[PDB]
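Asker: After the structure tokens below, expect a handful of questions from me.
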Amino acid sequence: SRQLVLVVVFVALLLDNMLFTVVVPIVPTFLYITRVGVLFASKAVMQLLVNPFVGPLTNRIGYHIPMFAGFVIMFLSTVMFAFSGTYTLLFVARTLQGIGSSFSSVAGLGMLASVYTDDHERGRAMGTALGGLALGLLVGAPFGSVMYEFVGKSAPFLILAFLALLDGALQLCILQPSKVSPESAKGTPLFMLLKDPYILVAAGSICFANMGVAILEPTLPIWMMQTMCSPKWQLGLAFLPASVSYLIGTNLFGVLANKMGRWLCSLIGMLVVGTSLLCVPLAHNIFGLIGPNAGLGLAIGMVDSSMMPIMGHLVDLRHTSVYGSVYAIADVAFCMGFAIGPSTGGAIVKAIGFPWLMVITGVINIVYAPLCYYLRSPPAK
Amino acid sequence: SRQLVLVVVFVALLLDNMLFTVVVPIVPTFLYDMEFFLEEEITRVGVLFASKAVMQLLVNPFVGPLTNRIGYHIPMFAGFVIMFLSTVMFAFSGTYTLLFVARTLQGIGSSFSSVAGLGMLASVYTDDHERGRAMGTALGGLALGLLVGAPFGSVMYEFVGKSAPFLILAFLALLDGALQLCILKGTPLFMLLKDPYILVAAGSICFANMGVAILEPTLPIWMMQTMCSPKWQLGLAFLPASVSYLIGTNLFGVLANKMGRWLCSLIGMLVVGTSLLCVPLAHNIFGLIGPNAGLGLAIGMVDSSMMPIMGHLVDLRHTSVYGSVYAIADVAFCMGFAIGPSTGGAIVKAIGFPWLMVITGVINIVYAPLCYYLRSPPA
Ligand SMILES: COC(=O)[C@H]1[C@H]2C[C@@H]3c4[nH]c5cc(OC)ccc5c4CCN3C[C@H]2C[C@@H](OC(=O)c2cc(OC)c(OC)c(OC)c2)[C@@H]1OC
Ligand SMILES: NC[C@H](O)c1ccc(O)c(O)c1
């Protein structure tokens, strides 16, 4: 039944981020710049304030009930999006989407770590989970775009709700969301784990790579309109190479980094993240961003697939075998990088500028890259 | 004949590089043989290896006016003589002090020979494209000397005794003198290190070359301490470095201009740092074929991407001469070979060699973002 758990996480993370990326191409057309920016950040902020309360929560109720709650909140958010047509209602739906995604991500990654106890196999299970995440990000944009250009606004949200119902049936079949079972092992407190430089280094690498992508997310279209003066239909396709490379890289490197070397995988991934971010503000046309964006996506996939099991290896080597808090910290890094991007990108660009922002991010990644060597062989307990 | 000057300069540079890289795997073994504990003498070994760089740095400014005053053949002949004494002293020295004098003489003679021979080659070939054919051939001979000398002394220290390779090199030096025996300005360097762009390029070259500069005095001792390899493999381990450097320099001289020189230099510095980090984890001679080959390829990348950048920087702003790119990278070379081995003894005494490799790799990686300064430099 171990494989069956991965199937849910493949589909749980598939649909959780499908609404996260299907709402972007329907909101600015529907409501028709700062006001729209704060809307997207609602998922990031609200999940950040709930992650510390979710980590220890999984130590007493298990990963099943939080996942079922995330499913329920997914259903409610998508159905509310299907009907609500005001700024406040969309903000509430976004906040619900963020909180439910918090449960879904944390519980899914924790249960994936728990049910897989071999580092080599767990480096491929998480790789395929991140591949499903990349597939969801790939399919979110064209889905909503096409069925808003044709079927109607409530159509894609209704279809996603039906797929969520299928997900609930699947979780009733295999995940068993019926009873609360506390974890036998007592996880270490979060503020012990924040004092461990190894977990700090891993979380920092993840947070800095995802900050490199997150800052690029909203800031890139503004730079495109300012410099290249390009139509709208290909702006979403601009990030398509990055997401495709992320999917390919997460699968391949979940296969490969176990034999390549985890520390080396993270180091080279951060180095290519830095180099790609340096080269990104140098492109003079849409074709010029295929290379740097593809490299950045592959690098972020490398960092994710190499540090996602590295957290489990660290917690198994030093701390106890309770997995909620470490992935709570990792998702906190993810979500903080997500939050810092859109709410502050305009101010950062107006103050220093996009090229200097990318240079700063890339230099931080490069200078931080050697610190990943600290995880080559962390001492045991 | 003009080709005679080419062959004599080729032999001179080849012999200089051969001596430099043949003193590498013999001095640690030679010192160990006398006693039969190298952590106490590592500092003196580093100072000995840096003596040539220090002495060359001291004597470099005088050679210019010295060459102007008396000519080229006499200082070039002086290099032959001092190299002969260096080879003979290496063949017969038994104490540390004698070897130090031999290395200092080798440095003085190397400076004399290199400067005088390159000046004579420039004087004879006034085609202005010839140097590109003749200078390229001379540098290829330098690369061949680096390729051959390191395993040479490694190969023939357990087979033909101790002074055999040095005697052969002295005999070749006699042939080099015989070949030459039947024969017949702008922007001084002190103002070329006041520009931050050229300083960035020179620092890149020096920090990339420091990976091998530190390796030369301490790697054979590390091998004899941890792996217990045979005495004819210590100089063999540097064979992958030479092969990788030749492959990388050719390939990237072909291929670097299309992807951008700054990107090639940045990637090369990053891979230099990664390879120097990977070096301490090698657990046998076979394990070092990967990291050492990668480090050699990385240094070749850095050189092939920096030398054209140095040429462009010198041409756009200052008035460049045939040796401006040679001089600036040379000063980086001597500075690296003097500051690496000199502080290497102290660093390995305080902390292990792996920490030294980690430190050098970290400096290279952190300096790597500084290569953005050279992306389209403006007057
Ligand atoms: C030692 O003797 C040197 O110092 C030469 C080499 C130094 C260093 C090195 N030592 C080793 C020792 C080993 O065993 C212990 C094994 C491997 C290595 C390697 C591999 C890496 N490496 C580089 C070697 C290359 C030489 O430099 C040039 O070839 C050159 C080329 C140019 O144009 C193309 C120039 O510009 C016209 C120029 O002038 C500035 C110089 C350099 O200086 C003459
Ligand atoms: N884990 C998500 C990752 O940061 C990412 C990669 C590529 C993207 O186009 C994206 O929106 C997010």
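Identifiers for the structure tokens are assigned positionally: chains receive A, B, ... in sequence, residues are indexed from 1 per chain, and ligands are indexed from 1 in the order shown.
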If the cut-off is 12 Å, can you tell me the residues of chain A near chain B, counting only C-alpha atoms? I'd like them as an NGL selection string.

Answerer: :A and (261 or 263-272 or 274-279 or 282 or 291 or 356 or 359-374 or 376-377)

Asker: Residues as selected, C-alpha atoms, written as an mmCIF file, in the first residue's frame, can you do that?

Answerer:
data_model
loop_
_atom_site.group_PDB
_atom_site.id
_atom_site.type_symbol
_atom_site.label_atom_id
_atom_site.label_comp_id
_atom_site.auth_asym_id
_atom_site.auth_seq_id
_atom_site.Cartn_x
_atom_site.Cartn_y
_atom_site.Cartn_z
ATOM 1 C CA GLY A 261 25.873 13.190 -4.317
ATOM 2 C CA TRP A 263 25.667 18.050 -1.328
ATOM 3 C CA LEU A 264 27.129 18.367 -4.826
ATOM 4 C CA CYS A 265 23.645 18.379 -6.344
ATOM 5 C CA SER A 266 22.554 21.230 -4.074
ATOM 6 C CA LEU A 267 25.794 23.159 -4.649
ATOM 7 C CA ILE A 268 25.690 22.975 -8.444
ATOM 8 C CA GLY A 269 21.962 23.701 -8.379
ATOM 9 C CA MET A 270 22.466 26.901 -6.408
ATOM 10 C CA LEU A 271 25.361 27.861 -8.685
ATOM 11 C CA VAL A 272 23.236 27.457 -11.815
ATOM 12 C CA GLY A 274 22.789 32.237 -9.529
ATOM 13 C CA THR A 275 24.198 32.146 -13.052
ATOM 14 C CA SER A 276 20.728 31.941 -14.608
ATOM 15 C CA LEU A 277 19.481 34.850 -12.505
ATOM 16 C CA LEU A 278 22.532 36.866 -13.552
ATOM 17 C CA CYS A 279 21.895 36.111 -17.236
ATOM 18 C CA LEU A 282 20.532 40.437 -20.038
ATOM 19 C CA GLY A 291 17.999 29.545 -21.955
ATOM 20 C CA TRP A 356 20.155 44.969 -9.480
ATOM 21 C CA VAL A 359 22.134 40.513 -9.338
ATOM 22 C CA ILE A 360 21.622 40.651 -5.562
ATOM 23 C CA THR A 361 19.575 37.439 -5.571
ATOM 24 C CA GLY A 362 22.097 35.603 -7.736
ATOM 25 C CA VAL A 363 25.032 36.787 -5.644
ATOM 26 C CA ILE A 364 23.266 35.644 -2.475
ATOM 27 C CA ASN A 365 22.675 32.227 -4.046
ATOM 28 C CA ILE A 366 26.287 31.933 -5.233
ATOM 29 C CA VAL A 367 27.844 33.044 -1.940
ATOM 30 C CA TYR A 368 25.469 30.717 -0.077
ATOM 31 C CA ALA A 369 26.357 27.769 -2.346
ATOM 32 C CA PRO A 370 29.554 26.773 -0.454
ATOM 33 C CA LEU A 371 27.576 26.553 2.796
ATOM 34 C CA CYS A 372 25.729 23.559 1.320
ATOM 35 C CA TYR A 373 29.047 21.714 1.688
ATOM 36 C CA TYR A 374 28.256 21.717 5.425
ATOM 37 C CA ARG A 376 28.256 16.656 3.159
ATOM 38 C CA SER A 377 28.364 14.605 6.359
#

Asker: Enumerate as a PyMOL selection string the residues within 6 Å of ligand 1, counting only C-alpha atoms and all ligand atoms.

Answerer: chain B and resi 17+21+24+139+150+216+238+241-242+296+325-326+329-330

Asker: Within 8 Å of ligand 2 (counting only C-alpha atoms and all ligand atoms), which residues show up? I'd like them as a VMD selection string.

Answerer: chain A and resid 21 130 133 to 134 137 to 138 209 to 211 213 to 214 217 239 to 240 242 to 243 246 297 300 to 301 304 334

Asker: Please list as a PyMOL selection string every residue within 9 Å of residue B:182, counting only C-alpha atoms and excluding residues in the same chain fewer than 4 positions away.

Answerer: chain B and resi 4+177-178

Asker: Please write the residues from the selection above to a file, keeping C-alpha atoms, as a CSV table (one decimal), in the first residue's frame.

Answerer:
chain,number,residue,atom,x,y,z
B,4,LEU,CA,66.8,28.4,-35.1
B,177,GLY,CA,73.0,26.8,-25.6
B,178,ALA,CA,74.7,25.3,-28.6

Asker: Need the shell around stretch 306-316 of chain B: protein/DNA/RNA residues with any atom at most 7 Å away, counting only C-alpha atoms. Skip same-chain ones fewer than 5 positions apart. Format as a list in words?

Answerer: residues 198, 201, 265, 325 and 379 of chain B

Asker: Let me see the file: selected residues, C-alpha atoms, as a JSON list (two decimals), in the first residue's frame.

Answerer:
[["chain", "number", "residue", "atom", "x", "y", "z"],
["B", 198, "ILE", "CA", 42.43, 44.68, -15.17],
["B", 201, "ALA", "CA", 40.95, 39.96, -14.39],
["B", 265, "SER", "CA", 35.36, 32.62, -16.74],
["B", 325, "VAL", "CA", 48.92, 40.28, -21.64],
["B", 379, "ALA", "CA", 36.58, 53.21, -21.11]]
